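Chains as they are written, first to last, in the entry's author numbering: chain A, 139 to 297; chain A', 85 to 350; chain B, 472 to 628; chain B', 1 to 785. A prime marks a further copy of an entry chain.
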Ligand SMILES: N[C@@H](Cc1ccc(O)cc1)C(=O)O
Ligand SMILES: N[C@@H](Cc1ccc(O)cc1)C(=O)O
Ligand SMILES: [Mg+2]
């Protein structure tokens, strides 16, 4: 996700300032770069990968921040749950299986999942998924997902 | 001014029993592998404890379990589907009967783990109890193979003793499995092999008993074209080695000086 | 024989099958966090205690007991808790004791019970003297438990 | 982006219906926010021809003489009302959306208005209400119901993600539907051009900003209203028709994501100059807004002799002066590709967001200009009777896209599918890709309009979405995780247990914003925050919290103003920022305390909190000590630091009185620690079977000396056989040397292997009286029973 990239707009960022702050990278090193409040948990999947080796399955819950106006269904401070499964042979069929299990586990046997293409600079294919909620009788748009983008693995191995 | 280093109100502080801790760790280890924990009754029928598991009467194999036989009218033992089951009552000599109960009540594929209190008529010493705990495992489904059983235990070991841990399998006998096997895990610190439990591929006659009892109950057969593995491991032995508890007798001793020592342990 | 791990979507009737077990585990954990000390006692009962503790006689008995003291199957959880209180008072001399045990009981049907025991001076300042104890200390901890569990808790005479 | 069903249908004739179209676009990657039917037109509204306009003397109104089958008269105040145009006549009796007041025949300034001419807003086709709808004077036979040439339309509100800028054109969308199997009808641009020189020159002074720039030449123009089908199309798409030329440029822009602008040659001078704007240089843009350009703004300018002047803000908005109007006869047509970042900055810089900027920011087909020029010039020829020159003025030569290696086997492997190779190739071909070679790895070179196709993975998403994400099977992965991934969850699990024990001990969890009010560094007496926000939500939230307790104190207050809690035992776990990001655990006590509701005696304040905390660490199996120490935000008499397992990890005490007062708060007690808490491994200690020796003794100590120091000494020297040591009574007064106090200690000794000889115990207490006095402490009691 470049600068002055249209995709940057999908995240209204809180930029920070102040000297004396030490940000430690994945291997405890002293990382640099403009500081900000994470706009999503995704950065954690880069940190984890530089610090470990495939195959693995991780889930990273976390507080995130977006510069936004606080209303009945919108917050500037909220939480996300990221998932990341990497390894030889991992396919989109597995992603779908995961979310199918999430749905069943959350809404019962009569629950269903739905995937539609959507865009994210960090995945290709990209997708949005919704789960059928039998009681409320409606589709809930739950989250995004896809196959880790080639450039992400490249960034990881370069770092 | 106030002395801040002065003792505060003596609010009570609880704790969990060593066995509850060990069982919880075991259950967690296997939950990560997709196993779900379910329990059975401590007072069982000979049918579930023995017959359904391919363990006849006056069968040499019966001797592998010193049984506490019970008596008394008015007791209602409910089967897997809530029915009124019959047969000579006894204290389960192992958690194995629970894998028969579960199978009549569900359909493959699945992964279950069933912790539980078991009873054997035996003399209570430093490393032996008449009342102890076991953790049974059962994974059934199309294509399930012994390679998977070994994988499970490999994961158990790694999860319990670290990356430098190893597992070892050797043939051994159980009327309810074929192949049958005993497994030991390498404990890098104590530098020794720990004989952990038994296991194997669910015996053909067990699946047969399950589907017969299902039909006798109106349910359709469900284990005709599937296979599975099962294992069973003693908890006290593991708890002991893991907490450095010298006498298996302390568990049911009830001594606070003892129990209190595990408040920290998660 | 190679090592491998199985992959499959479990059959529907296997979902949530672990709720019961999970429920009881949470209960134990909240108890240990509220201030209760867990205790494990043999499932056996001394037939003579049906007398001592004024309880209806045990329904299940052992044909091959370890001793006559363990010839029956417990019907209540508290008798054993009271006996460990005693044994703990003879070996060591605890001043207080807030205990709890979860276990299978036998009478008509096999059922799961939860028993607790309070004993000692109570709660208050070690150096001071005023204290909270007895009945209302227990009813106190219990009210918290159910407040914690989100359940109505009433105690009629 | 608004997607008018019947317009799209012109490219994709076989579309089943808007509902099915919505479905199809969803599976393609476009979500519709809403579907809408939009042009209900009553029968009362008919097409009319304005035979003549007669201003009403003394008014700013006009008397229109309309041919509407029969000649009728109507009064209008619209500036554009004039002879020679067609208009929408609402006959008396018509029910109009906008008004809700049945239209009728009425008298205005001396004349009988038989109904009234309509504006887009009155008819309900657009928000514009400042003038009449202008139709071609011959659009329809006078008096025919407008419905008959303006049927209702269904419009889809489509989401077009940043990766699909080609989809910002209705034809771009059409191609996606085509890949699905629908027949595609591309508009043929029939042009009858003539070879002759363009009466102007092109000079691109800034190729960075204008990588590819073309100019078309159309003259002999006959500017007039657009055909009904075009006004209908434009209105449905959220745009307002203006005239022939202008509409054509907007129509094409919407058709193929290619913004273009017609400049009236009268103002061009010698030529167009795509250059940067000179500081100060002014420009009155199309919106009528007078602006001042920035040296970074790309500008479309003209020059005459030794003078250069701006004509339009490149790729954002054309100038007001050269706008094409009725008297325009010739134009220079701008069809270009601009630098996205430049358009981005200029757009922001001036607070503009236009159909044009939006498209240039997302990207335009680098080689779509020439084809776009033909489409437009063709339409100009057909609707404005334009004569068009054969040549274009072109600057820049973008290179076609490069080949992308593609492996059907990989696509199927990455997706977990098994689509037959041929189906994959065919799909990529339907999307306009060129495929070369015969496998297993092909050379796939995409169409210039797809900026989002560069990697093999990109191609596999093309196959997946055209095949349909629902055709991808469900599966679960199986693998032994790499070694360095073991126990990786311990940290997270550790903190979770902590929270759970806290909630079970009696603490109520609370979540507070990570933000801090810079002014509270003052109020709560805290060192200033190290991290601050460049773009805060408000000055109250301009910094990043350094402590957890301030927020806990503020919620205590807010809870006391909304509801009136009598007590409150709270806890919160959160990230704090100072030098480094760290995790803290804070707790708050407040209220009467614990005891019998009906009774009065109670346990509360400091020692109630220190009580709960002692349990927590007893529960956690960790040493918990609280030594005296001062803290700016704590009462000096009720303040101490926390020592878990021997190391300082936080504090505990009563909120400073002054602080409490400024916040109008009763006494408040609290603590704050740093996580993760020290970890103490198990070291099982087999309990001794033999009995333990009981012995009491009080210690005479001065009131100043803290309990801890004594207890530490008593224990320290009590010997290696000490079992317990508890303070069962604090007493200070007569007969003790005033300012002194006695500490009643309950001691207990014990030996693992055997019982203890009274000789060893006596000695033990003795070894204690030893240093006990060596420190200046008495022994109110000794060898006490
Ligand atoms: N149930 C056996 C142990 C065991 C369990 C499961 C098996 O598959 C094999 C053996 C016992 O009581 O010792
Ligand atoms: N605002 C322009 C539309 C446009 C904008 C930028 C361009 O480069 C081209 C066309 C107009 O009214 O015509
Ligand atoms: Mg793509």
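Note that CB positions come from ideal geometry on N, CA and C, so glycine has one too.
Where residue i falls, given that 16 or more other Cβ within 10 Å makes a residue buried
i                      : result
residue 25 (chain A')  : Residue 25 (chain A') cannot be examined here, being either before or after the span of chain A' that is shown, 85 to 350.
residue 598 (chain B)  : buried
residue 472 (chain B)  : exposed
residue 17 (chain B')  : exposed
residue 266 (chain A)  : buried
residue 185 (chain A') : buried
residue 71 (chain B')  : exposed
residue 327 (chain B') : exposed
residue 535 (chain B') : exposed
residue 217 (chain A)  : exposed
residue 503 (chain B)  : buried
residue 183 (chain A') : buried
Under 9 Å from the C-beta of residue i: neighbouring residues of chain A'
i                     : result
residue 481 (chain B) : 118, 120, 192, 193, 194, 195, 225
Proximal chain A residues relative to residue i, where beta-carbon distance stays under 7 Å
i                      : result
residue 352 (chain B') : Neighbours of residue 352 (chain B') on chain A: none; closest Cβ ~16 Å, over 7 Å.
residue 416 (chain B') : 229, 230, 231, 232
Contact list for residue i against chain B, beta-carbon separation under 7 Å
i                     : result
residue 242 (chain A) : 486
residue 97 (chain A') : 506
Pairwise C-alpha distance: residue j and residue i
i                      : j                      : result
residue 166 (chain A)  : residue 526 (chain B') : 28 Å
residue 118 (chain B') : residue 86 (chain B')  : 11 Å
residue 507 (chain B') : residue 770 (chain B') : 44 Å
residue 247 (chain A)  : residue 491 (chain B)  : 18 Å
residue 245 (chain B') : residue 470 (chain B') : 45 Å
residue 201 (chain A)  : residue 232 (chain B') : 48 Å
residue 263 (chain B') : residue 312 (chain B') : 9 Å
residue 123 (chain A') : residue 198 (chain A') : 5 Å
Any C-beta of chain B' under 7 Å from that of residue i
i                      : result
residue 501 (chain B)  : yes
residue 473 (chain B)  : no
residue 342 (chain A') : yes
Partners in chain B' for residue i, counting only beta-carbon separations shorter than 7 Å
i                     : result
residue 228 (chain A) : 477
residue 144 (chain A) : 162, 361, 362
Neighbour flag for residue i against chain A', beta carbons, 7 Å
i                      : result
residue 684 (chain B') : yes
residue 597 (chain B)  : yes
Proximal residues of chain B', C-beta to C-beta of residue i below 8 Å
i                     : result
residue 509 (chain B) : Going along chain B', no residue has its Cβ under 8 Å from residue 509 (chain B), so there is no contact; the nearest lies around 12 Å.
C-beta neighbour in chain B for residue i, strict 7 Å
i                      : result
residue 729 (chain B') : yes
residue 495 (chain B') : no
Contacts of residue i in chain B (Cβ-Cβ under 8 Å)
i                      : result
residue 110 (chain A') : Simply none; closest approach about 12 Å.
residue 101 (chain A') : 509, 510, 511
Under 9 Å from the C-beta of residue i: neighbouring residues of chain B'
i                     : result
residue 619 (chain B) : 503, 504, 506
Residues that residue i contacts on chain A', provided the C-beta gap is smaller than 8 Å
i                     : result
residue 561 (chain B) : Residues of chain A' passing the Cβ test: none, with the nearest at roughly 11 Å.
At least three beta-carbon pairs within less than 8 Å, the region 721 to 735 of chain B' to the region 667 to 680 of chain B': Too few Cβ pairs lie closer than 8 Å, so no.
Meets three-Cβ-pair contact criterion under 8 Å: the region 301 to 313 of chain A' and the region 218 to 230 of chain A': Segments in contact, yes.
contact_flag[the region 500 to 513 of chain B', the region 162 to 181 of chain A] where n(CB pairs < 8 Å) is 3 or more: The region 500 to 513 of chain B' is not in contact with the region 162 to 181 of chain A.
Three or more C-beta pairs below 8 Å linking the region 573 to 580 of chain B' and the region 515 to 534 of chain B': Counting Cβ pairs under 8 Å, three or more are found: they touch.
Touching by the beta-carbon criterion (3+ pairs, under 8 Å), the region 229 to 243 of chain A' and the region 325 to 341 of chain A': Contact fails: fewer than three Cβ-Cβ distances are below 8 Å.
Three-pair Cβ contact test at 8 Å for the region 106 to 115 of chain B' versus the region 140 to 148 of chain B': In this structure the region 106 to 115 of chain B' does not touch the region 140 to 148 of chain B'; the number of beta carbon pairs closer than 8 Å is below three.
At least three beta-carbon pairs within less than 8 Å, the region 252 to 272 of chain B' to the region 368 to 376 of chain B': In short, these stretches touch, since the Cβ pair count reaches three.
Contact between the region 679 to 687 of chain B' and the region 653 to 660 of chain B' (3+ Cβ pairs under 8 Å): Result no; under three Cβ-Cβ pairs closer than 8 Å.
Given 8 Å, three or more beta-carbon pairs between the region 129 to 137 of chain B' and the region 80 to 96 of chain B': Contact between the region 129 to 137 of chain B' and the region 80 to 96 of chain B' is present, because at least three Cβ pairs lie under 8 Å.
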